[PDB]
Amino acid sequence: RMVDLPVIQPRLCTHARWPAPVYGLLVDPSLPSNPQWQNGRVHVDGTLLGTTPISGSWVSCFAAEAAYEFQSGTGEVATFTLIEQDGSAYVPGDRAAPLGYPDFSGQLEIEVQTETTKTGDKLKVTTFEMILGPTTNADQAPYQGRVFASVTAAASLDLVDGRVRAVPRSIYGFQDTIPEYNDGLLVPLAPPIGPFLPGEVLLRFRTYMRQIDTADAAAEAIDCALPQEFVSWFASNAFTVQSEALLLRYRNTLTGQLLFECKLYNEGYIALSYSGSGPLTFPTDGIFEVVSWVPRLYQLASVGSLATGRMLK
C-alpha cells in the first residue's frame, strides 16, 4: 500500500523525452524553472498526463498514413495523417497529440519506414526533416492529426508511403519549448511543472541528442523529470496518496553512502534544495528510497558542489 520505487540506478534507466539511455542527473537553476514538458509526466497516484506513453520505444516517435504532393522549393513534401503508434486511429481528444509525439521545438530529422505487419512485408525507408516549432503558419497541426515533412534522403529509391512509423535521428536548432500543436488555437497541455518552495530546484534526468550544425555534430542535452521506468512504475501501481510529497533518499547501496535527500511531489517531479547559481551534477549509480510522506512545506537538507575552491576576487 505504501509508495515504493524500483531499485534501479538512473544510469541504467530509459529517457522519457528522447528515446535513449539516461546519462546524467543534475539540477541547474539557470534553466527555465517550470518546464511544460508533455512526455515523462505522471502523478504518484498513476495518472498519466500530456502525451506521455508507457513504452519508452514511443518516445518522440510517431506513426501515420503518408501521402505526397509536389512542392516548388524543396522537392517532395509528405503529408502525414497521424495514427497512434499501436496502429489505432488517432482521434483529437484531451492531450496535445498522439502519445509520445515530440514535445520540444527545432528542426527534427526523422527516419520513416513502411509499417511492419508480418514477415515478408516489403519495406521502404526515407529520411525527412520536419519543423516542429511555430513557424508563423506552416500547417503543422499534430493535435488535429496532420503534419508535413520534406524528403532529405532516400535509403530506398522508392519513397515510403502508406502506413508508416517515424523515429527521431538528430535535431537542428533545438529549443526546449513545446511546439505549436494546434496552430493558433488553445490545446490540452499538462501544466508547467511546479510549484517549488524557495530554494527548491527541479531534479533533471538528462540524455543527449545529436545536434547538427555547419560542418560539425555535437551532443545537445535534453532533460525529463522522471525516467521512463518510474513513469510506467507509477502508472502500473496506481498508489494511494497520503500527503503532498514523498521524502526520498538517494543512496549508493554498494558503499552505503547517502548522497542527498529530495522531495517527490505528488504531481510527479522531484525537488532538491540548492542555493548555487551554476549546474550541479550527481553520480548516476545510486537508488532512490522512499522515506515517508511529508508536507509541502517540509524543508530539505541542502546540497552543493563538491568543488570547494573560491577566490577573493
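In this text, residue numbers run from 1 along the sequence as written.
Averaged over CA atoms, B-factors in the entry run higher in 275 to 283 than in the other of 39 to 47 and 275 to 283. The PDB entry reports B-factors from which the mean C-alpha value can be compared for 52 to 60 and 245 to 253; the larger average falls on 245 to 253. Annotation for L159, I83, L123, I222: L159 ranks highest, by Cα B-factor. Across the options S105, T214, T117, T114, the residue with the most elevated CA B-factor in the record is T214. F234 sits in the lowest third of its chain by CA B factor, as recorded in the PDB entry. When the modelled residues of the chain are ordered by their C-alpha B factor, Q71 lands in the highest third. Sort the chain's modelled residues by C-alpha temperature factor and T135 lands in the highest third, per the entry. Per the deposited record, the Cα B-factor of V3 falls in the highest third when ranked against the other modelled residues of its chain. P92: CA B factor lies in the middle third for its chain, per the PDB record.
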